[PDB]
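Heads up, the thing below is written out as structure tokens.
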Amino acid sequence: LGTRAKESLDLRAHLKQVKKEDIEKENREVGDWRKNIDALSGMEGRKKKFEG
Amino acid sequence: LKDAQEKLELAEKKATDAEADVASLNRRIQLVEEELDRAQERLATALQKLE
Numbered sequence: 160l161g162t163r164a165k166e167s168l169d170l171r172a173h174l175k176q177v178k179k180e181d182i183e184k185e186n187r188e189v190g191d192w193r194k195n196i197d198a199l200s201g202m203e204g205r206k207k208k209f210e211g
Numbered sequence: 064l065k066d067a068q069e070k071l072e073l074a075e076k077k078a079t080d081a082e083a084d085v086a087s088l089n090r091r092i093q094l095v096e097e098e099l100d101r102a103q104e105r106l107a108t109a110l111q112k113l114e
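Protein chains in written order, with the deposited numbering: chain I, 160 to 211; chain L, 64 to 114.
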């Protein structure tokens with residue numbers, strides 16, 4: 160019984176390690192943008208839209 | 064006539080000045096309204112995220 164429990168736990172732990180290795184590996188892909196605002200109180204362009 | 068001449072010139076300059084002022088101020092009010100609306104859309108995005 161102890162041997163069976165040990166082998167089952169070993170297999171489960173090995174699978175969990177294989178998963179968790181890549182789980183911790185590339186977890187920085189969550190870096191994205193937040194798109195805050197600044198009120199753009201300094202835009203003083205001219206009316207020359209020809210490019211559309 | 065000379066009196067009329069000066070009156071006409073001064074009124075014309077004043078009119079053109081007022082027109083330029085109001086036009087540029089209209090552009091400014093457009094820009095500030097754009098600021099307000101785009102900020103409001105940011106507000107909606109933030110509200111959805113927090114909820």
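C-beta: ideal position from N, C-alpha, C; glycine also.
Straight-line gap, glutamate 72 (chain L) to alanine 86 (chain L) (C-alpha atoms, nearest Å): 21 Å
Between the Cα of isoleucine 196 (chain I) and those of L:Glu97, L:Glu96 and L:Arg105, spot the shortest distance and give me the residue it belongs to. L:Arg105
From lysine 65 (chain L) to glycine 204 (chain I), what does the alpha carbon distance come to, in whole angstroms? 41 Å
Show which residues of chain I have a CB atom less than 7 Å away from the CB atom of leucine 94 (chain L). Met202
So, using beta-carbon positions, are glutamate 98 (chain L) and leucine 199 (chain I) closer together than 8 Å? yes
Along the chain, where does the alpha helix (DSSP H) containing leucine 174 (chain I) start, and where does it finish? 161–184
For a test of the three-state rule: what should DSSP assign to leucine 64 (chain L), helix, strand or coil? coil
Report the residues of the stretch 169–201 of chain I with a CB closer than 8 Å to any CB of chain L, ordered along the chain. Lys194, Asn195, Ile196, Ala198, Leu199 and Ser200
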